[PDB]
Amino acid sequence: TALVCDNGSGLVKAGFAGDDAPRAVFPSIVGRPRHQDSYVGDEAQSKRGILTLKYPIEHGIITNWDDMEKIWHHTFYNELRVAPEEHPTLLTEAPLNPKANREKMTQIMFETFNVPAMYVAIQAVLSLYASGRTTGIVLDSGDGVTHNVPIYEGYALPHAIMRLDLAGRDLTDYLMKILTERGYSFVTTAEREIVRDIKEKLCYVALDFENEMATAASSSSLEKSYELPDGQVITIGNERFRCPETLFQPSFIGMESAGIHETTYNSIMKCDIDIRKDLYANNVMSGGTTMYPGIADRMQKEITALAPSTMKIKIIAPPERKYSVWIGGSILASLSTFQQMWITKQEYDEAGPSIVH
Amino acid sequence: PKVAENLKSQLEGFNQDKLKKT
Ligand SMILES: Nc1ncnc2c1ncn2[C@@H]1O[C@H](COP(=O)(O)OP(=O)(O)OP(=O)(O)O)[C@@H](O)[C@H]1O
Ligand SMILES: C/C1=C/C(=O)O[C@@H]2C[C@@H](CC[C@H](C)/C=C\C=C\CC1)O[C@@](O)([C@@H]1CSC(=O)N1)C2
Ligand SMILES: [Mg+2]
(Lines give C-alpha, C1' and ligand atoms only; values in the text may rest on other atoms or scores of the structure.)
(Ligands and ions follow the chains in the order given, each with its own letter.)
Protein backbone atom coordinates (compact mmCIF):
# COMPACT_ATOMS: atom_id res chain seq x y z
CA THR A 1 0.00 0.00 0.00
CA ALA A 2 1.32 3.49 -0.82
CA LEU A 3 2.14 5.80 2.08
CA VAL A 4 1.44 9.52 2.27
CA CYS A 5 3.54 11.82 4.46
CA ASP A 6 2.73 15.52 4.80
CA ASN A 7 5.69 17.12 6.58
CA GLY A 8 4.58 20.38 8.15
CA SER A 9 6.51 22.97 10.16
CA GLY A 10 4.45 22.06 13.26
CA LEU A 11 2.82 18.66 12.64
CA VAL A 12 3.67 15.59 10.62
CA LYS A 13 0.50 14.07 9.03
CA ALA A 14 1.12 10.52 7.87
CA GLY A 15 -0.80 7.42 6.86
CA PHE A 16 -1.85 5.10 4.07
CA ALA A 17 -3.13 6.04 0.57
CA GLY A 18 -6.85 5.34 0.26
CA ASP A 19 -7.61 6.22 3.92
CA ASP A 20 -9.90 9.16 4.73
CA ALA A 21 -7.54 10.63 7.40
CA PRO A 22 -3.89 10.35 8.42
CA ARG A 23 -3.41 7.61 11.03
CA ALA A 24 -0.45 9.49 12.53
CA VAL A 25 -0.41 13.19 13.47
CA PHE A 26 2.51 14.18 15.68
CA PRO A 27 4.70 17.14 16.47
CA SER A 28 7.53 17.84 13.98
CA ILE A 29 10.20 18.13 16.65
CA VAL A 30 13.43 16.24 17.36
CA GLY A 31 15.33 16.30 20.64
CA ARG A 32 18.88 15.23 21.37
CA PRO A 33 20.73 14.87 24.77
CA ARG A 34 21.88 18.21 26.19
CA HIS A 35 24.53 16.60 28.50
CA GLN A 36 26.97 13.72 28.07
CA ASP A 37 20.52 9.77 21.45
CA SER A 38 17.44 11.15 19.69
CA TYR A 39 13.71 11.41 20.43
CA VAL A 40 10.92 12.58 18.12
CA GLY A 41 7.46 14.13 18.73
CA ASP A 42 5.57 13.79 22.03
CA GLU A 43 8.34 11.76 23.70
CA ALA A 44 10.87 14.53 22.87
CA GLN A 45 8.57 17.03 24.63
CA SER A 46 8.06 14.72 27.61
CA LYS A 47 11.87 14.56 28.05
CA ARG A 48 12.55 18.20 27.12
CA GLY A 49 14.40 18.72 30.46
CA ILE A 50 17.33 16.63 29.16
CA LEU A 51 17.11 17.38 25.42
CA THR A 52 17.69 20.22 23.07
CA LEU A 53 14.40 20.37 20.95
CA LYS A 54 14.44 21.60 17.35
CA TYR A 55 11.92 21.95 14.53
CA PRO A 56 13.61 20.50 11.40
CA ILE A 57 11.18 22.32 9.12
CA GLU A 58 11.09 26.12 9.25
CA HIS A 59 8.34 28.00 7.31
CA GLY A 60 7.62 24.77 5.33
CA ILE A 61 11.18 24.23 4.17
CA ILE A 62 13.41 21.44 5.51
CA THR A 63 16.42 23.08 7.18
CA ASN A 64 17.92 20.39 9.46
CA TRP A 65 18.42 17.24 7.35
CA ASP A 66 19.88 14.95 10.07
CA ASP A 67 16.83 15.68 12.19
CA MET A 68 14.49 15.36 9.22
CA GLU A 69 15.83 11.82 8.74
CA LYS A 70 14.88 11.15 12.37
CA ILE A 71 11.33 12.43 11.71
CA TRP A 72 10.93 10.09 8.67
CA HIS A 73 12.48 7.17 10.60
CA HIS A 74 10.03 7.71 13.44
CA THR A 75 7.16 8.07 10.94
CA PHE A 76 7.90 4.76 9.28
CA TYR A 77 8.93 2.53 12.20
CA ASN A 78 7.29 4.00 15.28
CA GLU A 79 4.06 5.65 14.01
CA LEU A 80 2.97 3.69 10.93
CA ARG A 81 4.90 0.52 11.85
CA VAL A 82 5.91 -0.29 8.32
CA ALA A 83 9.06 -1.29 6.47
CA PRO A 84 9.62 1.59 4.05
CA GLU A 85 11.35 -0.65 1.50
CA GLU A 86 7.91 -2.28 0.92
CA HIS A 87 5.81 0.87 0.21
CA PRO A 88 5.77 3.57 -2.45
CA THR A 89 5.82 6.88 -0.52
CA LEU A 90 4.25 10.17 -1.59
CA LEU A 91 5.83 13.17 0.20
CA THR A 92 4.71 16.77 0.24
CA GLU A 93 6.64 20.01 -0.09
CA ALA A 94 6.03 23.71 0.30
CA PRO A 95 5.47 25.96 -2.64
CA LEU A 96 8.74 27.49 -3.92
CA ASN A 97 10.85 24.67 -2.35
CA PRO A 98 14.44 24.97 -3.68
CA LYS A 99 15.35 22.37 -6.30
CA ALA A 100 18.30 21.20 -4.19
CA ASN A 101 15.96 20.39 -1.27
CA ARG A 102 13.68 18.30 -3.49
CA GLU A 103 16.77 16.37 -4.76
CA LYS A 104 17.98 15.80 -1.19
CA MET A 105 14.56 14.48 -0.09
CA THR A 106 14.73 12.09 -3.05
CA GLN A 107 18.28 10.90 -2.24
CA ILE A 108 17.41 10.18 1.44
CA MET A 109 14.21 8.30 0.57
CA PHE A 110 15.93 6.04 -1.98
CA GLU A 111 19.37 5.64 -0.36
CA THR A 112 18.60 5.72 3.37
CA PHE A 113 15.08 4.30 3.54
CA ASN A 114 15.27 2.24 0.32
CA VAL A 115 11.70 3.05 -0.73
CA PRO A 116 10.68 1.19 -3.90
CA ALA A 117 9.11 4.35 -5.37
CA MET A 118 8.29 7.90 -4.42
CA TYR A 119 6.75 11.18 -5.57
CA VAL A 120 6.79 14.75 -4.29
CA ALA A 121 3.76 17.00 -4.55
CA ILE A 122 3.18 20.66 -3.62
CA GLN A 123 0.99 20.80 -0.53
CA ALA A 124 -1.46 23.44 -1.85
CA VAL A 125 -2.00 21.47 -5.08
CA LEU A 126 -3.01 18.37 -3.04
CA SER A 127 -5.51 20.51 -1.06
CA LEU A 128 -7.05 21.60 -4.35
CA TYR A 129 -7.28 17.97 -5.44
CA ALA A 130 -8.99 17.11 -2.08
CA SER A 131 -11.79 19.54 -3.10
CA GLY A 132 -12.25 17.70 -6.38
CA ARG A 133 -10.69 20.51 -8.49
CA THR A 134 -7.68 20.88 -10.74
CA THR A 135 -8.12 24.66 -11.21
CA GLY A 136 -8.43 27.20 -8.46
CA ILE A 137 -6.42 29.32 -5.98
CA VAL A 138 -5.52 27.86 -2.62
CA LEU A 139 -4.83 29.78 0.60
CA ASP A 140 -2.78 27.28 2.62
CA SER A 141 -1.93 28.49 6.15
CA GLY A 142 -0.29 26.16 8.64
CA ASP A 143 1.95 26.60 11.63
CA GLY A 144 5.07 28.11 9.97
CA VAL A 145 4.03 29.64 6.62
CA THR A 146 1.09 30.92 4.54
CA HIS A 147 0.93 30.73 0.73
CA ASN A 148 -1.48 31.79 -2.00
CA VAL A 149 -1.06 29.22 -4.80
CA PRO A 150 -2.94 29.63 -8.07
CA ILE A 151 -3.27 26.33 -9.94
CA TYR A 152 -4.42 25.74 -13.55
CA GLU A 153 -5.07 22.31 -15.07
CA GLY A 154 -3.27 20.63 -12.16
CA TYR A 155 -0.07 22.77 -12.16
CA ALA A 156 0.79 25.43 -9.64
CA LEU A 157 1.79 28.66 -11.46
CA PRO A 158 5.11 29.43 -9.71
CA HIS A 159 5.46 33.05 -10.88
CA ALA A 160 2.14 33.92 -9.22
CA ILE A 161 2.69 32.19 -5.85
CA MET A 162 2.64 34.62 -2.86
CA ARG A 163 4.16 33.86 0.54
CA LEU A 164 3.55 35.30 4.04
CA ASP A 165 6.00 34.20 6.82
CA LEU A 166 3.14 34.62 9.24
CA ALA A 167 1.04 31.61 10.30
CA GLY A 168 -0.24 29.75 13.36
CA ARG A 169 2.83 29.88 15.57
CA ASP A 170 3.24 33.64 15.07
CA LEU A 171 -0.51 34.09 15.96
CA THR A 172 0.07 32.08 19.19
CA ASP A 173 3.14 34.22 19.93
CA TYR A 174 1.05 37.35 19.41
CA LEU A 175 -1.73 36.09 21.71
CA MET A 176 0.97 35.19 24.24
CA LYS A 177 2.35 38.77 24.02
CA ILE A 178 -1.18 40.21 24.63
CA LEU A 179 -1.85 37.92 27.56
CA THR A 180 1.59 38.64 29.10
CA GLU A 181 0.82 42.32 28.91
CA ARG A 182 -2.43 41.68 30.78
CA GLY A 183 -0.34 40.21 33.57
CA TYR A 184 -0.35 36.47 33.03
CA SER A 185 2.81 34.39 32.94
CA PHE A 186 3.39 32.54 29.64
CA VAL A 187 7.05 32.24 28.82
CA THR A 188 8.31 28.68 28.24
CA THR A 189 7.44 26.52 25.23
CA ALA A 190 5.29 24.37 27.50
CA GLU A 191 3.36 27.42 28.58
CA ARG A 192 3.08 28.66 24.98
CA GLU A 193 1.17 25.36 24.27
CA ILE A 194 -1.57 26.56 26.72
CA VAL A 195 -1.78 29.79 24.66
CA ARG A 196 -2.03 27.77 21.43
CA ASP A 197 -5.01 25.91 22.90
CA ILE A 198 -6.68 29.19 23.97
CA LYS A 199 -6.20 30.49 20.45
CA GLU A 200 -7.74 27.37 18.83
CA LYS A 201 -10.66 27.20 21.21
CA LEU A 202 -11.67 30.87 21.56
CA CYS A 203 -10.30 32.99 18.69
CA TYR A 204 -12.31 33.96 15.62
CA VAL A 205 -12.10 36.31 12.60
CA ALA A 206 -14.33 39.36 12.86
CA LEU A 207 -16.39 40.24 9.72
CA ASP A 208 -15.74 43.89 10.42
CA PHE A 209 -12.80 44.55 12.78
CA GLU A 210 -13.73 48.16 13.65
CA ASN A 211 -17.32 47.17 14.38
CA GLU A 212 -16.18 44.22 16.52
CA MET A 213 -13.78 46.43 18.55
CA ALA A 214 -16.71 48.78 19.28
CA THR A 215 -18.86 45.81 20.41
CA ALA A 216 -16.22 44.53 22.76
CA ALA A 217 -15.69 48.04 24.14
CA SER A 218 -19.39 48.59 24.93
CA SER A 219 -20.60 45.11 26.03
CA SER A 220 -19.46 41.85 27.64
CA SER A 221 -21.24 39.85 24.87
CA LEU A 222 -17.98 38.68 23.24
CA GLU A 223 -16.21 37.62 26.44
CA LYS A 224 -15.23 33.93 26.95
CA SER A 225 -13.46 32.28 29.86
CA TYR A 226 -10.72 29.65 30.03
CA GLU A 227 -9.31 27.76 33.03
CA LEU A 228 -5.49 27.69 33.03
CA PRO A 229 -3.56 24.62 34.40
CA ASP A 230 -2.79 26.60 37.62
CA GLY A 231 -6.53 27.06 38.25
CA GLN A 232 -6.71 30.76 37.31
CA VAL A 233 -9.61 31.59 35.01
CA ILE A 234 -8.67 34.08 32.32
CA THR A 235 -11.42 36.04 30.43
CA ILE A 236 -10.76 37.40 26.95
CA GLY A 237 -12.97 39.61 24.78
CA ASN A 238 -11.30 41.57 21.94
CA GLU A 239 -8.20 39.33 22.15
CA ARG A 240 -10.34 36.65 20.54
CA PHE A 241 -10.49 38.45 17.17
CA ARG A 242 -7.43 40.75 17.47
CA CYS A 243 -5.19 37.66 17.34
CA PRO A 244 -6.25 36.33 13.89
CA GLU A 245 -6.86 39.86 12.57
CA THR A 246 -3.05 39.82 12.14
CA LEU A 247 -3.65 37.60 9.08
CA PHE A 248 -5.45 40.55 7.40
CA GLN A 249 -3.30 43.19 9.12
CA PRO A 250 0.30 41.89 9.48
CA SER A 251 1.37 45.28 10.91
CA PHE A 252 -0.12 43.97 14.19
CA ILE A 253 3.10 42.02 14.72
CA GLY A 254 5.29 44.60 13.01
CA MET A 255 5.30 43.05 9.50
CA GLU A 256 5.12 45.23 6.45
CA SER A 257 3.51 42.51 4.38
CA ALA A 258 0.06 42.86 2.79
CA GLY A 259 -2.71 40.74 4.50
CA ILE A 260 -3.98 37.38 3.24
CA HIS A 261 -6.88 38.99 1.29
CA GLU A 262 -4.51 41.31 -0.59
CA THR A 263 -2.04 38.48 -1.28
CA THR A 264 -4.94 36.45 -2.68
CA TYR A 265 -5.91 39.29 -4.99
CA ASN A 266 -2.30 40.05 -6.02
CA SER A 267 -1.76 36.33 -6.77
CA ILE A 268 -4.82 36.26 -9.07
CA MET A 269 -3.63 39.48 -10.79
CA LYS A 270 -0.28 37.79 -11.61
CA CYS A 271 -2.11 35.10 -13.53
CA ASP A 272 -3.38 35.13 -17.12
CA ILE A 273 -6.37 37.44 -17.40
CA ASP A 274 -8.26 34.55 -19.08
CA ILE A 275 -8.16 32.27 -16.00
CA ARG A 276 -8.95 34.86 -13.30
CA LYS A 277 -12.69 34.15 -13.27
CA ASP A 278 -11.91 30.48 -12.53
CA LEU A 279 -9.60 31.50 -9.68
CA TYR A 280 -12.05 33.91 -8.06
CA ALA A 281 -14.81 31.29 -8.22
CA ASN A 282 -12.55 28.60 -6.74
CA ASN A 283 -10.75 29.97 -3.64
CA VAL A 284 -10.02 26.90 -1.52
CA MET A 285 -8.81 27.32 2.12
CA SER A 286 -6.39 24.74 3.47
CA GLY A 287 -4.45 24.24 6.81
CA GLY A 288 -4.96 24.63 10.52
CA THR A 289 -4.72 28.45 10.50
CA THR A 290 -7.72 28.62 8.18
CA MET A 291 -9.94 26.99 10.84
CA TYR A 292 -10.96 30.19 12.64
CA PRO A 293 -14.75 30.77 12.69
CA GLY A 294 -15.59 33.63 10.38
CA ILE A 295 -12.52 33.45 8.17
CA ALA A 296 -14.36 32.38 4.96
CA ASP A 297 -17.00 35.09 5.31
CA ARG A 298 -14.28 37.70 5.94
CA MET A 299 -12.30 36.53 2.89
CA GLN A 300 -15.53 36.66 0.75
CA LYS A 301 -16.07 40.26 1.92
CA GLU A 302 -12.50 41.43 1.38
CA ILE A 303 -11.97 39.78 -2.06
CA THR A 304 -15.41 41.20 -3.13
CA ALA A 305 -14.14 44.68 -2.25
CA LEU A 306 -10.93 44.21 -4.34
CA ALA A 307 -12.33 42.35 -7.39
CA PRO A 308 -14.41 43.81 -10.31
CA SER A 309 -17.97 44.45 -9.20
CA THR A 310 -19.59 41.67 -11.31
CA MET A 311 -17.04 38.93 -10.48
CA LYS A 312 -18.39 35.66 -9.08
CA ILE A 313 -16.37 34.98 -5.86
CA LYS A 314 -16.60 31.69 -3.95
CA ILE A 315 -14.61 30.65 -0.85
CA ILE A 316 -14.47 26.89 -0.32
CA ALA A 317 -13.59 26.01 3.31
CA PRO A 318 -14.06 22.22 3.83
CA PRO A 319 -14.69 20.99 7.40
CA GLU A 320 -11.69 18.64 7.12
CA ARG A 321 -9.24 21.33 5.92
CA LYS A 322 -6.75 20.79 8.79
CA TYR A 323 -5.92 17.58 6.83
CA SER A 324 -6.84 18.58 3.26
CA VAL A 325 -3.19 18.37 2.04
CA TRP A 326 -2.89 14.83 3.35
CA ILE A 327 -6.32 13.75 2.06
CA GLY A 328 -5.38 15.03 -1.40
CA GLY A 329 -2.20 12.96 -1.23
CA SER A 330 -4.27 9.92 -0.14
CA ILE A 331 -6.59 10.33 -3.12
CA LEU A 332 -3.80 10.97 -5.67
CA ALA A 333 -1.59 8.04 -4.56
CA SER A 334 -4.58 5.69 -4.62
CA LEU A 335 -5.63 6.45 -8.24
CA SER A 336 -4.92 3.95 -11.02
CA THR A 337 -3.61 6.50 -13.53
CA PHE A 338 -1.13 7.84 -10.94
CA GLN A 339 0.59 4.44 -10.60
CA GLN A 340 2.75 5.01 -13.67
CA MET A 341 3.78 8.45 -12.31
CA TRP A 342 5.82 7.16 -9.26
CA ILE A 343 9.55 7.61 -9.62
CA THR A 344 10.88 4.09 -9.18
CA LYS A 345 14.10 3.12 -7.41
CA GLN A 346 15.25 1.64 -10.74
CA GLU A 347 14.87 5.00 -12.43
CA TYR A 348 16.71 6.70 -9.58
CA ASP A 349 19.57 4.20 -9.81
CA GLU A 350 19.97 5.08 -13.48
CA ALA A 351 19.49 8.82 -13.47
CA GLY A 352 20.08 10.16 -9.88
CA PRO A 353 18.10 12.68 -7.72
CA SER A 354 17.53 15.14 -10.62
CA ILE A 355 14.78 12.85 -11.96
CA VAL A 356 12.35 14.21 -9.39
CA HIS A 357 11.72 17.62 -11.25
CA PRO B 1 -0.40 14.05 -22.17
CA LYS B 2 -3.05 11.28 -22.32
CA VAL B 3 -1.89 10.26 -18.80
CA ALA B 4 -2.35 13.85 -17.54
CA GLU B 5 -5.83 13.99 -19.10
CA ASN B 6 -6.97 10.78 -17.48
CA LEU B 7 -5.50 11.64 -14.06
CA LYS B 8 -7.41 14.98 -14.10
CA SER B 9 -10.58 13.19 -14.89
CA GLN B 10 -10.14 10.68 -12.01
CA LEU B 11 -9.32 13.59 -9.53
CA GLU B 12 -12.30 15.68 -10.55
CA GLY B 13 -14.65 12.73 -10.33
CA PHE B 14 -13.40 11.25 -7.08
CA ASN B 15 -15.90 10.67 -4.29
CA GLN B 16 -14.16 11.02 -0.82
CA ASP B 17 -16.78 8.63 0.63
CA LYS B 18 -14.78 5.90 -1.17
CA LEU B 19 -11.91 6.48 1.26
CA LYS B 20 -11.49 3.96 4.03
CA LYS B 21 -12.58 4.92 7.56
CA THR B 22 -9.58 4.84 9.91
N1 LIG C 1 -9.29 25.28 15.31
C2 LIG C 1 -8.16 26.03 15.07
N3 LIG C 1 -8.19 27.36 15.03
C4 LIG C 1 -7.09 28.16 14.79
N5 LIG C 1 -5.86 27.58 14.54
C6 LIG C 1 -5.75 26.21 14.48
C7 LIG C 1 -6.87 25.37 14.81
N8 LIG C 1 -6.48 24.06 14.77
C9 LIG C 1 -5.17 24.08 14.46
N10 LIG C 1 -4.72 25.37 14.35
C11 LIG C 1 -3.35 25.83 14.08
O12 LIG C 1 -2.84 25.25 12.87
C13 LIG C 1 -1.41 25.05 12.95
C14 LIG C 1 -1.08 23.63 12.51
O15 LIG C 1 -1.70 23.50 11.21
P16 LIG C 1 -1.04 22.57 10.10
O17 LIG C 1 -0.87 21.15 10.58
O18 LIG C 1 -1.85 22.84 8.87
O19 LIG C 1 0.38 23.26 9.96
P20 LIG C 1 1.74 22.59 9.35
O21 LIG C 1 1.43 21.82 8.12
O22 LIG C 1 2.41 21.82 10.44
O23 LIG C 1 2.63 23.88 9.07
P24 LIG C 1 3.11 24.53 7.62
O25 LIG C 1 2.04 24.12 6.55
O26 LIG C 1 3.12 25.97 7.93
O27 LIG C 1 4.50 23.95 7.44
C28 LIG C 1 -1.09 25.29 14.41
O29 LIG C 1 -0.54 26.61 14.52
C30 LIG C 1 -2.41 25.33 15.19
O31 LIG C 1 -2.39 26.21 16.34
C1 LIG D 1 -2.24 19.58 19.64
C2 LIG D 1 -0.93 20.00 18.99
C3 LIG D 1 -1.04 20.92 18.03
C4 LIG D 1 0.03 21.50 17.24
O5 LIG D 1 -0.24 22.01 16.10
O6 LIG D 1 1.37 21.51 17.70
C7 LIG D 1 2.40 21.81 16.77
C8 LIG D 1 3.73 21.16 17.23
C9 LIG D 1 4.17 21.82 18.63
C10 LIG D 1 5.50 21.15 19.02
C11 LIG D 1 6.12 21.88 20.25
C12 LIG D 1 5.34 21.51 21.50
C13 LIG D 1 5.94 22.23 22.72
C14 LIG D 1 5.42 20.04 21.87
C15 LIG D 1 4.49 19.08 21.78
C16 LIG D 1 3.34 19.22 21.17
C17 LIG D 1 2.18 18.93 20.75
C18 LIG D 1 0.96 19.86 20.56
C19 LIG D 1 0.33 19.22 19.36
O20 LIG D 1 4.46 23.21 18.35
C21 LIG D 1 3.28 23.96 17.94
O22 LIG D 1 2.33 23.97 19.04
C23 LIG D 1 3.77 25.42 17.73
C24 LIG D 1 4.30 26.12 19.02
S25 LIG D 1 2.92 27.18 19.58
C26 LIG D 1 2.10 27.07 18.09
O27 LIG D 1 1.08 27.68 17.81
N28 LIG D 1 2.68 26.25 17.22
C29 LIG D 1 2.58 23.37 16.74
MG1 LIG E 1 1.34 22.28 5.89
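Numbers restart at 1 for each chain; the letters A, B, ... are given by sequence-line order, proteins then strands. Both counts, for ligands and for their atoms, begin at 1 and track the order of listing. All values below come from the heavy atoms of this structure, side chains included, with hydrogens, waters and symmetry mates left out.
- In terms of polar-atom proximity, defined here as any N/O pair under 3.5 Å, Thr189(A) makes no such contact with ligand 2.
- In this structure, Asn283(A) contributes its side chain and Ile313(A) its backbone to no donor-acceptor pair below 3.5 Å.
- Neither the backbone nor the side chain of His59(A) comes within 4.0 Å of ligand 1, counting heavy atoms alone.
- There is no side-chain donor-acceptor pair under 3.5 Å between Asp140(A) and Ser127(A).
- Between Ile57(A) and ligand 1 there is no heavy-atom distance shorter than 4.0 Å.
- Comparing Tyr55(A), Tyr204(A), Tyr292(A) against atom 4 (C) of ligand 1, the shortest heavy-atom distance belongs to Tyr292(A).
- In terms of protein heavy-atom proximity, atom 25 (O) of ligand 1 is nearest to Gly142(A) CA, 3.7 Å.
- To the nearest 0.5 Å, the span separating OH on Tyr152(A) from OG1 on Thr134(A) amounts to 9.0 Å.
- Distance alone, capped at 3.5 Å, places no donor-acceptor pair between the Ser330(A) side chain and the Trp326(A) backbone.
- Close contacts of ligand 1 with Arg196(A), meaning ligand atoms under 4.0 Å from a residue heavy atom, involve 31 (O).
- Residue, atom and distance of the protein heavy atom nearest to atom 16 (C) of ligand 2 are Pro27(A) CG, 3.6 Å.
- For atom 20 (O) of ligand 2, the nearest protein heavy atom (residue, atom name, distance) is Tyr55(A) OH, 2.8 Å.
- A donor-acceptor pair is defined here as one N or O able to donate and one able to accept, closer than 3.5 Å; no such pair exists between the side chain of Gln339(A) and the backbone of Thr337(A).
- For atom 8 (C) of ligand 2, the closest heavy atom belonging to the protein is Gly10(A) O, 3.2 Å.
- For the atom pair OG of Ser286(A) and CD1 of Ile316(A), the computed distance is 12.5 Å after rounding to the nearest 0.5 Å.
- Listed by number with element, the atoms of ligand 1 under 4.0 Å from a non-hydrogen atom of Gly287(A) are 18 (O).
- Residue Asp140(A) has no N or O atom closer than 3.5 Å to an N or O atom of ligand 1.
- At the top of the distance list for atom 10 (N) of ligand 1, counting protein heavy atoms only, stands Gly288(A) O, 3.3 Å.
- The parts of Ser9(A) lying near ligand 1 are both backbone and side chain, judged by heavy-atom distances below 4.0 Å.
- Regarding atom 18 (C) of ligand 2, its nearest protein heavy-atom neighbour is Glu193(A) OE1, 3.3 Å.
- Looking only at heavy atoms of the protein, atom 29 (C) of ligand 2 is closest to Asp143(A) OD2, 3.5 Å.
- Ranked by closest heavy atom to atom 2 (C) of ligand 2, the top entry among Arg48(A), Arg169(A), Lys199(A), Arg196(A) is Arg196(A).
- Atom CG of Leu157(A) sits about 5.0 Å away from atom CD1 of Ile275(A), to the nearest 0.5 Å.
- In the model, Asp6(A) has a side-chain atom that pairs as donor or acceptor with a side-chain atom of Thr92(A) under 3.5 Å.
- Around atom 8 (N) of ligand 1, the closest heavy atom drawn from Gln123(A), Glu193(A), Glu200(A) belongs to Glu200(A).
- In the model, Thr63(A) has no side-chain atom that pairs as donor or acceptor with a side-chain atom of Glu58(A) under 3.5 Å.
- In summary, the aromatic rings of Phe248(A) and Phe209(A) are positioned with their centroids too far apart to meet the 6.0 Å limit.
- Inspection of the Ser38(A) and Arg32(A) side chains reveals no N or O donor paired with an N or O acceptor under 3.5 Å.
- Counting only N and O atoms by type, the side chains of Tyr265(A) and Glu302(A) include no donor and acceptor under 3.5 Å apart.
- The protein heavy atom nearest to atom 23 (O) of ligand 1 is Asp143(A) N, 2.9 Å.
- Taking 4.5 Å as the limit, every side-chain heavy atom of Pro116(A) sits out of range of all side-chain heavy atoms of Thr344(A).
- Between the side chains of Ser185(A) and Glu191(A), no donor-acceptor pair is found at a separation under 3.5 Å.
- The shortest N or O to N or O distance between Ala167(A) and ligand 1 is not under 3.5 Å.
- Counting heavy atoms closer than 4.0 Å to ligand 2, residue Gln45(A) contributes side-chain atoms (C-beta onward) but none from N, CA, C or O.
- Closest to atom 27 (O) of ligand 2, if we only count protein heavy atoms, is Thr172(A) OG1, 2.7 Å.
- Close contacts between ligand 2 and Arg192(A) involve ligand atoms 24 (C), 25 (S) [criterion: under 4.0 Å to a heavy atom].
- Using modelled atom types, one finds no donor on one side chain facing an acceptor on the other under 3.5 Å when comparing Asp19(A) with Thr22(B).
- Ranking the protein heavy atoms by distance from atom 1 (N) of ligand 1 puts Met291(A) CB, 3.6 Å first.
- Protein heavy atom nearest atom 26 (O) of ligand 1, with residue, atom name and distance: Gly144(A) N, 2.8 Å.
- Protein heavy atom in closest approach to atom 21 (O) of ligand 1: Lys13(A) NZ, 2.8 Å.
- Among protein heavy atoms, the minimum distance from atom 19 (C) of ligand 2 is reached at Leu11(A) CD2, 4.2 Å.
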